[PDB]
Amino acid sequence: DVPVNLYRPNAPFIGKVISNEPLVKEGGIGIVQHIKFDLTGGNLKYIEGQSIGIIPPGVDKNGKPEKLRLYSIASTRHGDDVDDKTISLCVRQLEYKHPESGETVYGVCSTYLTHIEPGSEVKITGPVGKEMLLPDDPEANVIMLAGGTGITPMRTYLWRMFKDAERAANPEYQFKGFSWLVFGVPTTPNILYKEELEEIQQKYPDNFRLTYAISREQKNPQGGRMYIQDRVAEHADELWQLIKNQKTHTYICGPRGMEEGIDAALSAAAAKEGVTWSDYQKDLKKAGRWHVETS
Ligand SMILES: Cc1cc2nc3c(=O)[nH]c(=O)nc-3n(C[C@H](O)[C@H](O)[C@H](O)COP(=O)(O)OP(=O)(O)OC[C@H]3O[C@@H](n4cnc5c(N)ncnc54)[C@H](O)[C@@H]3O)c2cc1C
């Protein structure tokens, strides 16, 4: 049923880049690109919440061929043009500084991807993943907690739920539940897909709530910069109330370490009603309603 490993690294699908467009607006920090690939000529199918592998060219410092890196699929199963012909990724160029070994260091696969030109051939594997799947139930509530390119699987959910062309293509999934995205980025220019997220909220104000945590522009009640964990604490009681519904699913995606502050906030909320969140959470994970994908 769920497609998985239609292509493997020993014999990857050779897709072609259609487009590579910037998602960070001027005045933003770093580079994050929306890259769409042509899947025609192969049989790669996928669903929302999954990832694919990309194998970059070249060898590592020991002369060994580079291995795949996994990237969350940014598009629904139908692709951005709703034609079942493409797949998209949302890729941040990894950059960081050493203890002054050279200067700035640039990630191999992400630099390759963010600078890739239309027409180029790319080695793709997958899809992979069954832990970030969206429920078929159109009355489900969906909480989405995303930092940075943790937005990526959330885009697949929200596009499937709310894009006109998706609704026309998916007669079986006409979303009427409530979805709430809490999205943490450093600046307004860094709000990936800002325009479309805000278009969705304006069209569906009773079915989609959009909350930002913008660290360089906002401060929490303690005076520190605003992070997603702060917004979760701010809305902890409300989020807990929603989580108690048997049909509510929560999705967490982004940097490993974002989970700690989220659990602390929800633990304080749940404790007010005599519930130990860590235990309730274990039951949710077992039931397939607590979805985490961080690294
Ligand atoms: C399931 C999954 C989904 C993912 N989805 C996405 C996605 O949608 N978008 C996206 O942009 N990324 C995503 N990632 C991350 C992605 O897989 C790559 O790891 C990332 O793009 C960097 O790879 P790279 O080849 O550019 O860097 P590499 O050449 O592989 O370099 C990475 C290495 O650099 C070092 N390093 C990294 N940061 C620092 C630091 N600050 N200080 C010192 N050393 C450091 C570490 O040793 C690390 O192993 C995902 C990862 C997983 C596991």
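Residues numbered from 1 in each chain as written, not as in the entry; some residues may be left out. Heavy atoms only, no water.

Domains assigned within the protein chain are domain 1 (1–128) and domain 2 (129–295). When the buried surface of domain 1 facing domain 2 is broken down by residue, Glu 48, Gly 49 and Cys 90 rank first, second and third, together holding 22% of it. The interface formed by domain 1 and domain 2 holds two salt bridges in total. Here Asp 80 ties to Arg 155 by a salt bridge, and the two come within 2.9 Å at their closest N and O atoms. At the junction of domain 1 and domain 2, the tally comes to ten residue pairs in polar contact. Breaking the side of domain 1 that touches domain 2 down by element, the ones donating at least two residues are β2 (32–38) and β5 (86–92). (Domains from an automatic or database assignment. Buried area = accessible area lost by both parts, 1.4 Å probe. Salt bridge = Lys/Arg side-chain N within 4 Å of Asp/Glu carboxyl O. Polar contact = N/O pair within 3.5 Å; in protein donor to acceptor, adjacent residues only side chain to side chain. Helix = DSSP H or I, 4+ residues; strand = E, 2+ residues; numbered from the N terminus.)

Moving on, we come to the sheet that holds strand β11 (residues 208–214). Reading across from one edge, β11-β10-β9-β12-β13 is the order of the five strands in this open sheet, with parallel pairing throughout. Edge positions in the open sheet fall to β11 and β13 (290–294), since each of these has one partner strand only. When the angles between neighbouring strand axes are averaged without regard to direction, this sheet yields 10°. Across seven bridges, strand β10 (residues 179–185) lies against β11 in parallel orientation. Pairing of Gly 184 across the sheet is with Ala 213, part of β11. (Pairing = 2+ DSSP bridges. Axes fitted to C-alpha atoms, helices over the stretch in contact; angles between N-to-C directions.)

Around the ligand, 17 residues are found, and the nearest of them are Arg 69, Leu 70, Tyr 71, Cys 109 and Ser 110. Contacts to the ligand include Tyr 71, whose side-chain N or O atom sits 2.8 Å from an oxygen atom. Separating an oxygen atom of the ligand from a side-chain N or O atom of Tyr 96 is a distance of 3.3 Å. In isolation the ligand exposes 1,000 Å². Once the protein is present, 60% of that is buried. Put simply, the parts of the chain that give the shell around the ligand at least two residues each are β4 (69–72), β5 and α1 (108–114). For the shell around the ligand, the element with the highest residue contribution is β4, accounting for four residues. By residue class, the composition of the shell around the ligand is eight nonpolar, six polar and three charged. (Near = heavy atom within 4 Å. Areas by Shrake-Rupley, 256 points an atom, 1.4 Å probe, with all protein chains shown as cover. Nonpolar A, V, L, I, M, F, W, Y, C, P; charged D, E, K, R; others polar.)

One number sums up the size of the second largest pocket: a volume of about 250 Å³. The class makeup of the residues in the lining of the second largest pocket is seven nonpolar, no polar and six charged. Split by domain, the residues of the lining of the second largest pocket number at least three in each of domain 1 (1–128) and domain 2 (129–295). (1 Å grid on protein atoms, 1.4 Å probe; cavity = no way out; pocket = protein on both sides within 12 Å on 5 of 7 lines; lining within 4 Å. Points joined across faces, edges and corners; volume = space filled by probe spheres on them.)

Note: strand β1 (residues 13–22) against strand β8 (residues 121–128), four bridges, orientation antiparallel. Across the sheet, residue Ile 14 finds its bridge partner in β8, namely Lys 123. Note that β1 and β2 share six bridges and pair antiparallel. Considered in β2, the bridge of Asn 20 is made with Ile 35.

This brings us to the pattern of salt bridges. A side chain with one charge can pair with a side chain of the opposite charge if their charged atoms come near. Counted according to the given criterion, the structure contains 15 salt bridges. The residue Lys 203 makes a salt bridge to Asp 164 at a minimum N-O spacing of 2.7 Å. Here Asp 164 lies in helix α3 (residues 164–169) and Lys 203 lies in helix α4 (residues 194–203), a separation of 39 residues in the sequence.

Residues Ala 236, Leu 239, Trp 240 and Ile 243 constitute the buried set of helix α6 (residues 236–243). Angularly, the buried residues of α6 cover 100° about the axis, an arc narrow enough to put them on a single face. (Buried < 20%, exposed > 50% of the residue type's maximum accessible area, 1.4 Å probe, protein only. Arc of directions from axis to C-beta.)

Mapped onto the fold, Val 105 is located in strand β7 (residues 104–106). Given the relative accessible area of 23%, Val 105 is considered partly exposed. Residues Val 105 and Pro 255 lie 150 residues apart in sequence; the distance between their C-alpha atoms is 19 Å. In contact with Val 105, other than residues within four places in its own chain, are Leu 94, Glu 95, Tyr 96 and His 98. (Contact = heavy atoms within 4.5 Å.)

A complete count under the given rule lists twelve aromatic pairs for this structure. Pairing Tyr 7 with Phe 13 gives two aromatic rings, centres 5.3 Å apart and planes at 50°, and the pair type is tilted. Here the two residues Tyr 7 and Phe 13 agree in accessibility, since each one is buried. Taking the centre distance of 6.2 Å and the plane angle of 75° together, the rings of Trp 159 and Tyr 193 count as edge-to-face. Taken as a pair, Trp 159 in helix α2 (residues 151–162) and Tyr 193 in the loop between β10 and α4 lie far apart in primary sequence, 34 residues in all. Residue classification places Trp 159 among the buried residues on the basis of a relative accessible area of 5%. The buried category is assigned to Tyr 193, whose relative accessible area is 6%. Taken together, the ring pairs in this structure connect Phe 162, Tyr 173, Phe 175, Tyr 204 and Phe 208 into an aromatic cluster. (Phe/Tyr/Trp six-rings, centres within 6.5 Å; stacked < 30°, edge-to-face > 60°.)

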